[PDB]
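Read the structure below first, then the notes.
Neighbour counts run over all protein chains shown; Cβ positions are idealised from the backbone, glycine included. Since every read-out is calculated from the coordinates, none of them should be taken as a lab result.
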Amino acid sequence: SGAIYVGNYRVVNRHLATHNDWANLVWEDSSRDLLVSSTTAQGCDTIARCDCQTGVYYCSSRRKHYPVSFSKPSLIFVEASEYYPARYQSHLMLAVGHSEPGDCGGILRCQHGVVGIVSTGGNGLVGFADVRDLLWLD
Ligand SMILES: NC(=O)[C@H]1CCCN(C(=O)[C@H]2SCCc3sccc32)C1
Ligand SMILES: [Zn+2]
């Protein structure tokens, strides 16, 4: 679990969005596994606007942060799950690092701010949904 809080927006994994997220919907994209809802309170986070390919992510299944080198956002095949059919997920970045189901929502950050959130993984890989191109979040 986890979310980004920036301005009057809350960014979450679309597959973990709540009834309240959907009732306050701003934008969603199944191909990216992202949903953004509106909030009444002002956020705590800053979004990176950069081309970093290294950073640090939070891994809830280890209660720890890990450094990672990650690929540029791209179209990657993701196997079927209970949440989605087999499909290509866009704007996804892969890295070698531990992840297991429950770690989705963990934040990836570089020196500039928040880069994205955990969205996929398995077998020593971790995938992050990029948010740096969503300029309107600011
Ligand atoms: N973006 C998606 O389509 C997700 C939806 C939830 C399931 N999923 C995962 O990758 C899970 S099952 C494999 C082990 C791990 S490790 C962190 C997540 C997962 C794909
Ligand atoms: Zn950066």
Query raised in the report: In whole Hz, what ³J(HN,Hα) sequence does region 124-138 give by Karplus (6.51, -1.76, 1.60; θ = phi - 60°), x for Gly and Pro?
Result: x, 10, 9, x, 10, 7, 6, 10, 5, 7, 8, 5, 5, 4, 7
Report summary line: Whole-Å distance linking the alpha carbon centroid of region 1-73 with that of region 77-118 is 10
Query raised in the report: At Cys52 and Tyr84, where each label point lies 7 Å from the Cα along Cα→Cβ, what is the point-to-point distance in nanometres?
Result: 2.4
**Report entry** Under the Karplus curve 6.51 cos²θ - 1.76 cosθ + 1.60, θ = phi - 60°, whole-Hz ³J(HN,Hα) for region 77-82, x wherever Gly or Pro sits
**Finding:** 5, 10, 5, 4, 9, 6
Report summary line: For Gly97, other-chain or 5+-apart residues with amide H closer than 5 Å (H placed, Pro excluded) are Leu125, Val126
Query raised in the report: Under a 5 Å amide H to amide H cut-off, with H placed in plane at 1.01 Å, what residues pair with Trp27 once short-range neighbours are removed?
Result: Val36
Query raised in the report: With springs only between Cα atoms under 10 Å, which of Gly116, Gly106, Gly124 fluctuates most in a Gaussian network model of the chain?
Result: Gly124
Query raised in the report: If you rank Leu125, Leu34 by fewest surrounding Cβ atoms within 10 Å, what's the result?
Result: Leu125, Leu34
**Report entry** Extension gain from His15 to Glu100, taking 0.36 nm per residue of separation minus the Cα-Cα distance
**Finding:** 29.1 nm
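With a 10 Å Cβ neighbour count serving as the proxy for reagent exposure, in which order, fewest first, do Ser81, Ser31 appear?
Ascending number of Cβ neighbours within 10 Å: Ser81, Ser31.
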Query - Debye, to nearest 20: dipole size of region 46-138, +1 on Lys, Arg Cβ, -1 on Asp, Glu Cβ - result: 260
**Report entry** Gained length - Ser61 relative to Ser74, 0.36 nm times residue gap less alpha-carbon distance
**Finding:** 2.1 nm
Query raised in the report: From the backbone phi of region 25-39, what are the Karplus-calculated ³J(HN,Hα) couplings (6.51 cos²θ - 1.76 cosθ + 1.60, θ = phi - 60°) in whole Hz, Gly and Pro given as x?
Result: 4, 10, 6, 8, 8, 4, 5, 9, 6, 10, 9, 10, 10, 8, 10
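How would you rank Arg10, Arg62, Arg132, going from fewest to most other Cβ atoms within 10 Å of each one's own Cβ?
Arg62, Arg132, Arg10
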